[PDB]
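First the structure, in the form of structure tokens, and then the observations on it.
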Ligand SMILES: N=C(N)c1ccc2[nH]c(-c3cccc(-c4ccccc4)c3O)nc2c1
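Protein chains in written order, with UniProt numbering: chain A, 179 to 424; chain B, 164 to 172.
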């Protein structure tokens, strides 16, 4: 996240940290995700596309730091990894970039609720906030586009939803953005999501609830003028989500 | 106690 403040997971109790194991001893961060129900985390297909070996990923709930432990955290294995059929990427955008991970603990259980572990709410069929709404994004991704390391502390920031009309302006992303994506930026192009934030959540309040309105997906640069962050429009995938989380 | 989506405590 470029800008933003540092937070603790108590302020984002639905955020999940997904890591990959390597033979040699290291586990590296892959992407963020969010918990929808006790056994399901939702993230982005492009985070698993180049290495769809579920047994090699570890999911952690209740984590405020990247490589150190947080008391209360829970570790899970990926029981089912569901990527999106029709996922495609072009020179920038990812289409249908949503993925689901069913988690199982070594004792055979799913997540349990605490002050550091909570689910986030889904929107209702194709229902979104109106452009202008302030939503917050969170994650462990880059702090500057030039960095080559990720922060050790969780970060958060607030961005506003913009319209498709504004995003599809030729000098923004033109037709690369579709009806199944959402764009969010800071009025003064100062804070944004960046590499390392993929799969994490875009939360806004809808009809009273804190709802997962978007998934960090792509963007040209980080916090660049007229280059909003693009998110997967969760409200348009509810059928798909249901199809697997039944 | 149990999950209540969207609630921070
Ligand atoms: N400016 C943004 N709003 C933005 C947001 C998320 C991003 N994620 C990435 C990204 C860049 C290189 C590799 C990956 C990646 C991560 C995990 C697995 C595969 C690719 C990214 O998500 N760039 C990103 C840019």
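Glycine is no exception: its CB is placed at the ideal position from the N, C-alpha and C atoms.
By the 16-neighbour rule on beta-carbons within 10 angstroms, residue 348 of chain A is exposed.
With a threshold of 7 angstroms, the Cβ atom of residue 375 of chain A counts as near ligand 1, since some heavy atom of the ligand is closer than that. CA-CA distance, residue 214 of chain A to residue 288 of chain A, rounds to 12 angstroms. Taking 8 angstroms as the cut-off, the Cβ atoms of residue 208 of chain A and residue 235 of chain A count as close. In this structure, residue 227 of chain A lies near residue 265 of chain A, with their beta-carbon atoms less than 8 angstroms apart.
Residue pairing by DSSP places residue 226 of chain A in no beta bridge whatsoever. Annotated three-state conformation of residue 234 of chain A is helix, per DSSP.
Relative to ligand 1, residue 228 of chain A has its C-beta within less than 7 angstroms of a heavy atom. In the displayed model, residue 352 of chain A falls within a helix according to three-state DSSP. In this structure, the C-beta of residue 399 of chain A approaches ligand 1 to less than 7 angstroms from one of its heavy atoms.
Residues of chain B with a Cβ closer than 8 angstroms to the Cβ of residue 298 of chain A are, in chain order, 168, 169. Between ligand 1 and residue 313 of chain A, a heavy atom-to-CB distance of less than 7 angstroms is absent. Residue A:290 holds the alpha-carbon nearest to the alpha-carbon of residue 251 of chain A among A:353, A:290, A:263, A:331. Taken through DSSP and simplified to helix, strand or coil, residue 262 of chain A comes out as coil. If you compare the alpha carbons of A:380, A:399, A:387 with that of residue 222 of chain A, the shortest gap goes to A:380. Annotation for residue 243 of chain A: 330, 331 place their beta carbon closer than 7 angstroms to its own, counting only its chain and skipping 5 residues before and after. Residue 388 of chain A and residue 299 of chain A have their alpha carbons spaced roughly 6 angstroms apart.
Residue 313 of chain A and residue 376 of chain A have their C-alpha atoms some 16 angstroms from each other.
Contact between the segment 400-414 of chain A and the segment 358-365 of chain A is established, with three or more Cβ pairs separated by less than 8 angstroms.
With a contact defined as Cβ atoms closer than 8 angstroms, residue 217 of chain A and residue 280 of chain A qualify at about 5 angstroms. Annotation: residue 423 of chain A to residue 357 of chain A spans about 23 angstroms, alpha carbon to alpha carbon. Contacts with chain B at 8 angstroms (Cβ-Cβ) include residue 189 of chain A.
The C-beta distance from residue 335 of chain A to residue 211 of chain A rounds to 18 angstroms, too long to meet the 8 angstroms contact threshold. As DSSP reads the structure, residue 281 of chain A sits in a beta bridge with A:256.
Within chain B, the residues whose beta carbon sits less than 7 angstroms from that of residue 293 of chain A are 172, listed in sequence order.
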